[PDB]
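Results of the structural survey
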Amino acid sequence: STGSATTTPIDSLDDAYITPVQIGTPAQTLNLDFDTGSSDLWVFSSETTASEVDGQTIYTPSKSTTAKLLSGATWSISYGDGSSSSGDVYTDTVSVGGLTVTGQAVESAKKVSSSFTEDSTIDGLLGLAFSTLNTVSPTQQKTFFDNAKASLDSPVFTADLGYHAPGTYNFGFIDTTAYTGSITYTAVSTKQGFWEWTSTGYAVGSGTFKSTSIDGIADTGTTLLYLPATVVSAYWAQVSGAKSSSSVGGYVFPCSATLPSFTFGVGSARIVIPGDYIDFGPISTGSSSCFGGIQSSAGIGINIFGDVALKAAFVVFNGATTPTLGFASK
Ligand SMILES: Cn1c(=O)c2c(ncn2C)n(C)c1=O
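**Considering the sheet that holds strand β15 (residues 243-245)**
Taken together, 4 strands build an open sheet; the order of strands is β15-β16-β20-β19 and the sheet is antiparallel. Each edge of the open sheet is held by one strand with a lone partner, namely β15 and β19 (279-282). Put simply, the sheet's adjacent strands are angled 40 degrees from each other on average, direction ignored. Of the pairings in the sheet, the one linking β15 to strand β16 (residues 250-254) comprises 3 bridges and is antiparallel in character.

**Observations regarding the environment of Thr19**
Tracing the chain through its elements places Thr19 in strand β2 (residues 17-23). Separated by 101 residues in the primary sequence, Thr19 and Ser120 have C-alpha atoms spaced 14 Å apart. Excluding residues that lie within four positions of it along the chain, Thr19 makes contacts with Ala5, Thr6, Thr7, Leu30, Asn31, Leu32, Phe34 and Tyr169. Of note is the side chain of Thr19, whose polar atom sits 2.8 Å from the side chain of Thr7.

**Brief notes about the side chain of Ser245**
In this structure, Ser245 sits in strand β15. Not counting residues within four places of it along the chain, the set of residues in contact with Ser245 comprises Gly250 and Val252.

**What about the UniProt feature "disulfide bond" in the chain?**
You can see the UniProt disulfide between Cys255 and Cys290 is made here, since their sulfurs are only 2.0 Å apart, below 2.5 Å. Remark: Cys290 occurs in strand β20 (residues 289-292) and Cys255 occurs in the loop between β16 and β17 (262-266); sequence separation between them is 35 residues. Residue class for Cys290 comes out buried when judged on its relative accessible area of 4%.

**Considering the sheet that holds strand β12 (residues 196-204)**
Across the sheet, which stays open at both edges, the 7 strands sit in the order β18-β17-β12-β13-β22-β14-β21 with mixed pairing between neighbours. Edge strands, defined here as strands with exactly one partner in the open sheet, are β18 (269-273) and β21 (294-296). Averaged over all pairs of adjacent strands, the angle between their axes in this sheet comes to 45 degrees, without regard to strand direction. Where strand β13 (residues 210-218) lies against strand β22 (residues 303-305), 3 bridges are found, and the strand directions are parallel. Along β22, the bridge assignment pairs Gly216 with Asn303. Where helix α3 (residues 229-236) meets the sheet, it contacts β12, β13, β14 (225-227), β17 and β21, and its direction lies at approximately 140 degrees from that of β21.

**Here we look at the nonpolar core**
In terms of nonpolar packing, the biggest core is built from 69 residues, with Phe171, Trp236, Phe262, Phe264, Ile273 and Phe327 touching the most fellow members. The biggest single contributor to this core is α3, with 4 residues. Taken together, domain 1 (5-174) and domain 2 (175-330) each give at least three residues to this core, which thus spans both. By size, the runner-up hydrophobic cluster in this structure holds 16 residues, among which are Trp42, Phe44, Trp75 and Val112.

**Quick notes on the domain arrangement of the chain**
When cut into domains, the chain gives domain 1 (5-174) and domain 2 (175-330). The centre of domain 1, based on its C-alpha atoms, is set 25 Å off from the matching centre of domain 2. Tallying the contact residues gives 30 residues for domain 1 and 32 residues for domain 2. Looking at the side of domain 1 that touches domain 2, the elements with two or more residues in it are β3 (28-35), β9 (156-160) and β10 (167-171). The element contributing the most residues to the side of domain 1 that touches domain 2 is β9, with 5 residues. Of the residues assigned to the side of domain 1 that touches domain 2, the class counts are 18 nonpolar, 6 polar and 6 charged.

**Quick word on the UniProt feature "active site" in the chain**
Listed under "active site" in the UniProt record, and renumbered for this structure, are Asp35 and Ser199. One can find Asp35 in strand β3. In this structure, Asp35 is in contact with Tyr79, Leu125, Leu126, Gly127, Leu128, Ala129, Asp219, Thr220 and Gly221, ignoring residues within four places of it in sequence. With respect to the helices and strands, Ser199 occurs in strand β12. According to the relative accessible area criterion, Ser199 is buried, its value standing at 1%. In contact with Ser199, other than residues within four places in its own chain, are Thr212, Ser213, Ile214, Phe264, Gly265 and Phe305. At 3.4 Å, the side chain of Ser199 forms a polar contact with the backbone oxygen of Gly201.

**What to know about the environment of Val112**
With respect to the secondary-structure elements, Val112 resides in strand β7 (residues 99-112). Look past the residues within four positions of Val112 in its chain and what remains in contact with it is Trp42, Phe44, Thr48, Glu52, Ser84, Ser85 and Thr117.

**Looking at the site of the ligand**
The ligand sits among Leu13, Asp15, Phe280, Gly281, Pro282, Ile283 and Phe291. The element best represented in the shell around the ligand is β19, accounting for 3 residues.

Cut-offs used in this document
- Residues numbered from 1 in each chain as written, not as in the entry; some residues may be left out.
- Heavy atoms only, no water.
- Residues with missing side-chain atoms left out of burial classes, pairs and counts.
- Pairing = 2+ DSSP bridges.
- Helix = DSSP H or I, 4+ residues; strand = E, 2+ residues; numbered from the N terminus.
- Axes fitted to C-alpha atoms, helices over the stretch in contact; angles between N-to-C directions.
- Contact = heavy atoms within 4.5 Å.
- Polar contact = N/O pair within 3.5 Å; in protein donor to acceptor, adjacent residues only side chain to side chain.
- Disulfide = S-S within 2.5 Å.
- UniProt positions renumbered as here; feature names shortened; annotations may be inferred.
- Buried < 20%, exposed > 50% of the residue type's maximum accessible area, 1.4 Å probe, protein only.
- Core = buried A, V, L, I, M, F, W, Y, C linked by side-chain atoms within 4.5 Å.
- Domains from an automatic or database assignment.
- Nonpolar A, V, L, I, M, F, W, Y, C, P; charged D, E, K, R; others polar.
- Near = heavy atom within 4 Å.

This is the structure:
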């Protein structure tokens, strides 16, 4: 089997991407944030505290003839951005882009933190990291991909995120028309439950490539590119007037600037992030200070190849017995 679904930016900055997901019978379609940095499929629901729902589409398990309470199971998750959610669990039929999993754990939110409430466009998350990170207790649950894997034509999914445009998540096949050149594969460590890999270096603009190992995670659920402070400083030093602002919470730059590209290494291959991908616009409406798309990972504890990096590539998440990651230009 295979599946193919379009993923769409939630706003003009590509802050996140939403992908329609069919849950239950008859189908309830919710727009979920596919997150390769976590492993819970959770949704706004009929159980979510009413004051914490503001425009989201909810899953109502009592209206699904295939929903079953997973008795005694609870979940609770906190994300790198400080947001969180928790609740109980149903199993139900879940389909993405024509690919159907029966008995998928659908984690129903009883509580969500303010950032979720305030984002009316995201109806929940669909985790695509390794199932060892799933938070369901006392019986850990499998991700949608892990449940689908054996049925797939090939045990893979791909992320093809757009810049200010829709893109695609495919399951079970590699669309050879969706990228240019060849795909370069690189080793993954699953020791922390992430799609963790080691970039071979970077360049800033037309500058020379610096060979250096940068361990990080491929994370579709993180907006920006978070790298060591040394690398980030080298990038922003090439933008007149750029500076790190503790009050704003990272590097800002004059909105009048033209940003240089940023290149990252994948083995001997190179992925180029155009400068425009690094512009996240005014820090507040009407401001001439703009927020940067490359930020320091110091204090996070891990480097994160988020959407800014991933949307410059066609990315293969290879879930074979020994997982690997593939990157191609497009
Ligand atoms: C602080 N900040 C962000 O954290 C941010 C942003 N755009 C995207 N992000 C993530 N802007 C404009 C911003 O000012």
